[PDB]
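Chemist: Just passing along the structure, written as structure tokens.
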Amino acid sequence: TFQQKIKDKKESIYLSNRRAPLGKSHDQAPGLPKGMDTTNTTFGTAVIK
Amino acid sequence: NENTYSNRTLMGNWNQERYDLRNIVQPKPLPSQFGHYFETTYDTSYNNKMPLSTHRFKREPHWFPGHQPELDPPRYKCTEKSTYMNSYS
Amino acid sequence: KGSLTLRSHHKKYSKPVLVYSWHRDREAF
Amino acid sequence: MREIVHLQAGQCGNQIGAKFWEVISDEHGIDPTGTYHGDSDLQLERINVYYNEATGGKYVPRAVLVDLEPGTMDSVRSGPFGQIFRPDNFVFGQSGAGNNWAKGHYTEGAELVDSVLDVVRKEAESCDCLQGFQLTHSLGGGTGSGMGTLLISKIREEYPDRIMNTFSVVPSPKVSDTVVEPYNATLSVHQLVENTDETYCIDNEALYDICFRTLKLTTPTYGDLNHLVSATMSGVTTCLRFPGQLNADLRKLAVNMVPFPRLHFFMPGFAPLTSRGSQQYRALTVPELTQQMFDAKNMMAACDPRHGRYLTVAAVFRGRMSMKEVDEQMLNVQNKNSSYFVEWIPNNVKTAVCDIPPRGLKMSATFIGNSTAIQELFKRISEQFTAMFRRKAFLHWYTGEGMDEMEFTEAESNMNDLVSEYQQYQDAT
Amino acid sequence: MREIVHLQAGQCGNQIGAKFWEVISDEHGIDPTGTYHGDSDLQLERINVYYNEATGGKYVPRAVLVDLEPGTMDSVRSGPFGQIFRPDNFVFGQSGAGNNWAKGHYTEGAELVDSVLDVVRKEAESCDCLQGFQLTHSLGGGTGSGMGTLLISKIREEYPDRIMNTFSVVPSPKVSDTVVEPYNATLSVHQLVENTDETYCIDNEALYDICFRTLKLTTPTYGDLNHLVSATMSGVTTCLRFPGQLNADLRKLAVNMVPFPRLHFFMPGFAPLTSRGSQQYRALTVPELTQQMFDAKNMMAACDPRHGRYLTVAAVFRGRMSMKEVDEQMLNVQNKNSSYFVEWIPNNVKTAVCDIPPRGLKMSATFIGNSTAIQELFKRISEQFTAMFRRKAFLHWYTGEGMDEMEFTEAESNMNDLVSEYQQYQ
Amino acid sequence: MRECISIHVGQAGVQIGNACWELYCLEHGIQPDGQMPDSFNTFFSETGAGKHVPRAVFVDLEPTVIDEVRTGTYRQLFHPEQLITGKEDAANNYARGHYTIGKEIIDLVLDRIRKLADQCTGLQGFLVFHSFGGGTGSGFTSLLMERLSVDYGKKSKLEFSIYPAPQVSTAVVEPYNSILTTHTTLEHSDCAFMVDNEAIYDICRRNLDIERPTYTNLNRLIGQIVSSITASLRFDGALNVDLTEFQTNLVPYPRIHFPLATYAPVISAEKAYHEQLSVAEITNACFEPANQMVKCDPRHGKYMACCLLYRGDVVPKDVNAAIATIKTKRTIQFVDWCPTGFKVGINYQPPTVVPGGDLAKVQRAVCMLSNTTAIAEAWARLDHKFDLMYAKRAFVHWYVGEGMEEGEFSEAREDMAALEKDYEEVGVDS
Ligand SMILES: Nc1nc2c(ncn2[C@@H]2O[C@H](COP(=O)(O)OP(=O)(O)OP(=O)(O)O)[C@@H](O)[C@H]2O)c(=O)[nH]1
Ligand SMILES: Nc1nc2c(ncn2[C@@H]2O[C@H](COP(=O)(O)OP(=O)(O)O)[C@@H](O)[C@H]2O)c(=O)[nH]1
Ligand SMILES: Nc1nc2c(ncn2[C@@H]2O[C@H](COP(=O)(O)OP(=O)(O)O)[C@@H](O)[C@H]2O)c(=O)[nH]1
Ligand SMILES: [Mg+2]
């Protein structure tokens, strides 16, 4: 498993590996601002009365 | 008639024996090397990778052969008070 | 049930609430 | 000493009735515990109208809450003022009606009314002078329409000489919220015309427009709409519980506003509504309130006053005001709208004045209209019914339970008769 | 105050009695040493029913262990609970009967009962108010069926106005564990019916069905089969030693369940039985216990109740529980199954409620039932007995020990009359 | 001065008297230790140290249920020798407790009656709490009521007996023990209040909303009745009744002494405060057939005599206005030789609630003791059961082999067959 981790660390540089991992989207942390936990924050406009 | 195997091999009524107290208190080994050829979609998505520490269960009375009072919450473990001692205090 | 008792006639209410014969009950005070 | 029995049927009727009980409990100074906490002694003088005394100096409402589901009943019970009610009057079933009028009136609602009329008889036959009944419901459903009109029919059958006030939320053109709404609207007017004395129509689109333009609320929730309906509801019965110069009870309104036995669908209103942005700039005067009554945007039904004629106008003012300005203004409006009021009935307008205003405002006014322009809603309901009935869509759910096809044609004939009477008495010299 | 004297005969009776004296030593908090280690003080107010006091707070059972072969007396002694039994409560010889009724009843079992009746009369006078006698044995054996029925005739002459109660192991239709088992079953049953008031028939195939089908076990050894039997013996006497809402002793069961002097053969059952998986997922309520008692799959007798009519039924409950749901459920099973009860008597079901469930358990119940479907048990032996007798097979093992052939003639004549009696009242 | 001696026989008598004597402690404010922190002298006799001991008797043939009292909360309140225990029960048999095991313990019980009567400067009578369906409550009772009549001649002998239910049941041979105990309740008794268990199972379901009741929920409703009957002796009121006073207004013939018991209102704590409990409403719940504490419908029968016992803030005007409404009801029928069938007893004290109880705190209450002809219907269904099993001679050897003859089965059927025959003769309109 450690040798496969070596292989995947070397293989992570590919365009296909950046664009499309298995069962997921790409990395969204460049897109979102730094230090924001994505699953905790709320997206949208809050309606206030 | 039927070829009886060990408990691990999923053959016959393995489930009740896996519910038995012995197969509960047996430990579960850690994930090992050459374990990436044996990962499935259900294991990756709907399971937990935390190592599990085994549990030891204290001895209680048994009334019928299938009885397992070890896996019960700490309730009705002592003799119940009667109607007089419950109502009239 | 609680409706098993009779639906009954008349209800007492109280002294500030004015009902029928409130004037006649006041007259004896 | 005159008593009104309240009934809540359907989800919309249940929520509006709960808001009504909250509003009039705040008017009478009753906390949700059940005691009395007020400053004026005029609140307890007439509390036998809506409430029963209990043991220990507590007060309970004289309403029953019926719904075929246990959801809205639990919501009302867990609501703010749900503690004051009595638990024996909480009569409910288990199986939903599914917005089926046959399920509301024939199969599931058949077994519950034997218990509903028992508690209705309990709360009614112990009254000193039963003035009448007041039911809250909606037209477009299966529970609020079917078993609602069933209760109306049986109560009218067993009490022949009383008065009924049915406050009904009606279908609307753009704010349709049910697929079988023309069918369940047409299936209840056949019983509403025959066995009801005053039917008050409420339109959701009109409530939305009032909350957007006059009030300028940004978030007009169903709580706000039900508050509007309840505040209009209590105004017509202020005169049975509060003193005034010119008292007018429910039969007073019935005699003054029902000229023909089959024209008793009324369009109501509340008159001092304003936004707090312009509350500072608007002046409270009797002529300003009088102009505020007859605004078309104020009207709480989706009908245009410009597209018809007015039969009868009623206005109940609350507060301290002189009477010459009221009579002069409500003669001036009839003079200036000469071509719109009917000429074969002079003096189209009845005014009443009460001495107690609502809490939080100097004066108020409730406006009720009986007009020939209400035929547009019945016309569009009949047109939708014909367009669905040509191809018989959604009809097997009714025919598979015990409903015949011919009752649909009978109800359509009664709708056509009603709009014919409206048009005939509009165009008559 | 109301003392039960236990009698154990044979190899089977000794092996069950080790398990029976294990569970009520477990119920009262009695350690294998002999002292008491419990929590509540209601476990000692009536403990003299089963245990005699001694010095140092030692409790010893009031039980006698009898067998003509010392093979099983070295195993009941070398068991877990083998020290609390009194050393003077063992009576034994050498030549075991070897599945012969004559050796246990006339020749070898004749001089052994003199020492046994010396022990019993020593224990009987030590009780303040003796409640009755209790016995367990096997009808298919040599010592239990041979000598244990000789005591039943012998004791009932000394103390006639008492309660006799047996838990006898009847032969199974299919397992066929002995060649001459219908001989020793026929001769004992002919002697049982006039010297017994309560007979709970237990059969090994009926218990083997329960572990496979209800308990879901794959290795049901004799240590499992004896435990269900020992649960029934505990649940019968549960109101004799514990408080409750409506009590019932050994006399109160026998007076409701026995309408006629020859109708005293009962058909046992126990109630809260569930597999290893179905413990955390099943709610112990009164409807679930009543649904399980009356079903034929949870029965300890190898006879189908659906082929006969229940004469009278007893239900003995345990635990803090509600009496209205008790009375509603066994009225509903009487109302729905109107064809499975005789119509010349109303209220075939008796009620008994205690307040003490067993430790670790919520509610428990025991099913005691008279039925006319136990005549199916006796007709199988009676058709087996005449198949061997018409060829006069195996007879020299019986007539060579002082027995005439008339005890073979009468024993078929009496058992044919009893199955003629169950058939009349159906 | 006026005081009652209570007798409790059987397991029913001990467990009814367990939930009855907890209310006599609470009404008079007597602690379980036996001390207070002239009305109390009807049951509690003073001691020079300040202790109050009940003047009751507890009898059973088994010590299984009385030993729980001796080791319970009230182990100090009761006298040590006031609770008589046998060694062996009668076990669902009338023969055992009347001839064989009921004879060795009657000398101790009869000695305590002669002792408790000595401290009584004036005795009104006896009250009995027992059960028909048992061996002690019907077998030991049958010779005790024979024995009490000889020693004390004209004393009142009231009775609160547990009648067998129509459908639910506990023992198999209860129709035998119900038959042979009615021979002693006819001439050695004076007035017999029967209740059953099914009719109180119905009450706790539809009124108190308790889906799963027990005996300790049933026993407090029976314990509520007897404290309402005795309430005139203890506390001041506008018009008191006496134990001799309400037998005269309720028993027209010496063979007709079987009333029905009814109590109202019975509602829980939550439901009570939303309703108003008027004097008209509590006296109208009693006349409904759903509040009968015996499973009999009074529409089939005819009322002969009635008695009303009132507690709390009752005004005599509204009692007269509510009774006059009842007399205009066509559903309620009275027999033509009783033009005046009402007796009214009024007491001041409102009822008291126990901690942990099911009933609510109320201001007024009423308990009607109604004699009616609709009890011969209940006695019809028990003889339909008795001859259905006696025809096949079931269970007979349990009785003859213990000491009676088999001829007591035939006569005790013939004894009460004429008793049903007398009910339709009374019900004929004159
Ligand atoms: N309502 C009610 N009934 C009871 C109560 N206790 C006992 N019973 C009645 O008593 C019957 C049971 O028989 P027991 O009274 O125990 O029998 P017994 O009078 O003690 O006679 P033996 O048991 O033979 O000694 C049941 O059918 C119940 O109806 C009680 O607390 N409340
Ligand atoms: N004002 C108001 N109207 C409501 C509310 N809930 C539902 N409605 C109206 O009720 C109509 C649907 O009726 P429905 O609830 O299905 O009838 P029911 O099934 O018999 O209860 C919709 O057109 C809504 O406009 C509410 O809380 N307030
Ligand atoms: N259920 C059960 N049956 C048993 C046990 N021990 C023996 N048996 C049965 O008893 C029969 C043999 O009894 P046996 O030893 O000959 O009796 P004995 O001659 O009096 O000693 C066999 O058919 C077994 O099935 C036991 O522990 N449990
Ligand atoms: Mg008893």
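Chains as they are written, first to last, in the deposited numbering: chain 2, 344 to 392; chain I1, 60 to 148; chain 7, 30 to 58; chain IJ, 1 to 429; chain JH, 1 to 426; chain JI, 1 to 37, 47 to 439.
Ideal Cβ positions, reconstructed from N, Cα and C, are used throughout, including at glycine.
(1) Round the Cβ separation of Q131 (chain IJ) and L250 (chain IJ) to the nearest angstrom and send it over; I've been treating them as touching at under 8 Å.
(2) May I ask which residues mark the beginning and end of the alpha helix (DSSP H) holding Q329 (chain JH)?
(3) In the DSSP assignment, what residue or residues form a beta bridge with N62 (chain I1)?
(4) So does the region 224-237 of chain JH actually touch the region 106-125 of chain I1, counting three or more Cβ pairs closer than 8 Å?
(5) Measure the C-alpha to C-alpha separation of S170 (chain JI) and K311 (chain JI) and round it to an integer number of angstroms.
(6) Would you call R2 (chain JH) buried or exposed, if buried means 16 or more other Cβ atoms sit within 10 Å of its Cβ?
(7) What's the C-alpha gap between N216 (chain JI) and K352 (chain JI)?
(8) Tell me, please, whether the CB atom of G125 (chain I1) is closer than 8 Å to any CB atom in chain 2?
(9) Regarding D74 (chain IJ) and ligand 2, is the C-beta to nearest heavy atom distance less than 7 Å?
(10) May I ask you to check if the CB of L225 (chain IJ) is nearer than 7 Å to at least one heavy atom of ligand 2?
(11) Can you give, in chain order, each stretch of the beta strand (DSSP E) that sits fully within the region 318-399 of chain JI and has at least 3 residues?
(12) Hey, quick one: how far does the beta strand (DSSP E) through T103 (chain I1) stretch, first residue to last?
(13) So is the beta-carbon of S138 (chain JH) under 7 Å away from any non-hydrogen atom of ligand 3?
(14) Quick one: Cα of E183 (chain JI) to Cα of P173 (chain JI), how far?
(15) Out of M267 (chain JH), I30 (chain JH), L68 (chain JH), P173 (chain JH), state which residue places its alpha-carbon closest to the alpha-carbon of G109 (chain JH).
(16) So, with DSSP's three-state summary, where would you put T290 (chain JH)?
(17) For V169 (chain IJ), collect the residues of the same chain with a Cβ closer than 6 Å to its Cβ; drop the 5 residues on either side in sequence, then sort them by chain order.
(18) Would you say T179 (chain JI) reaches chain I1, if we count a Cβ-Cβ gap shorter than 8 Å as a contact?
(19) Can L152 (chain JI) and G111 (chain JI) be called in contact, C-beta distance under 8 Å?
(20) Report the residues of the region 212-225 of chain IJ with a CB closer than 7 Å to any CB of chain 2, ordered along the chain.
(21) Can you tell me where the alpha helix (DSSP H) with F167 (chain JH) in it begins and where it stops?
(22) Closest to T145 (chain JI) by C-alpha separation, out of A273 (chain JI), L119 (chain JI), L117 (chain JI), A104 (chain JI), would be which residue?
(23) Taking a Cβ distance cut-off of 8 Å, strictly less, list which residues of the region 354-366 of chain JI are near chain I1, in chain order.
(24) Looking only at C-alpha atoms, which of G412 (chain JI), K430 (chain JI), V405 (chain JI) sits nearest to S419 (chain JI)?
(25) Could you check where the alpha helix (DSSP H) with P182 (chain IJ) kicks off and where it finishes?
(26) Contact criterion: CB-CB distance below 8 Å. Does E77 (chain JI) meet it with respect to chain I1?
(27) Pick helix, strand or coil for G31 (chain 7), following the three-state DSSP scheme.
(28) Would you please verify whether the beta carbon of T55 (chain IJ) is less than 8 Å from any beta carbon of chain JI?
(29) Tell me which residue opens and which closes the alpha helix (DSSP H) that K352 (chain 2) is part of.
(30) Interface residues of chain JI around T142 (chain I1) at Cβ under 8 Å?
(31) Using 8 Å as the threshold, is the C-beta distance between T113 (chain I1) and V84 (chain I1) below it?
(32) For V182 (chain JI), verify whether its CB is less than 7 Å away from any heavy atom of ligand 2.
(33) Which residues of chain JI have a Cβ atom closer than 9 Å to the Cβ of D128 (chain IJ), listed in chain order?
(34) What separation, rounded to the nearest whole angstrom, lies between the Cα atoms of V286 (chain IJ) and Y340 (chain IJ)?
(35) Going by other Cβ atoms of all chains shown within 10 Å of its Cβ, with 16 needed for buried, is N329 (chain JI) buried or exposed?
(36) Using 8 Å as the Cβ pair cut-off and three pairs as the minimum, do the region 145-155 of chain JH and the region 91-106 of chain JH touch?
Modeler: Let me lay it out:
(1) 6 Å
(2) 323-336
(3) Partner(s): none; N62 (chain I1) has no beta bridge.
(4) yes
(5) 22 Å
(6) buried
(7) 27 Å
(8) no
(9) no
(10) yes
(11) 353-355, 373-381
(12) Note, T103 (chain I1): premise wrong, no beta strand (DSSP E); alpha helix (DSSP H) at 100-104.
(13) yes
(14) 8 Å
(15) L68 (chain JH)
(16) helix
(17) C12, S138, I202
(18) no
(19) yes
(20) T219
(21) No alpha helix (DSSP H) contains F167 (chain JH), which is instead part of the beta strand (DSSP E) from 165-169.
(22) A104 (chain JI)
(23) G365
(24) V405 (chain JI)
(25) 181-192
(26) yes
(27) helix
(28) yes
(29) 345-354
(30) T223, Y224, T225
(31) yes
(32) no
(33) Under the 9 Å cutoff, chain JI gives no residues; its nearest Cβ is about 15 Å from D128 (chain IJ).
(34) 23 Å
(35) exposed
(36) yes
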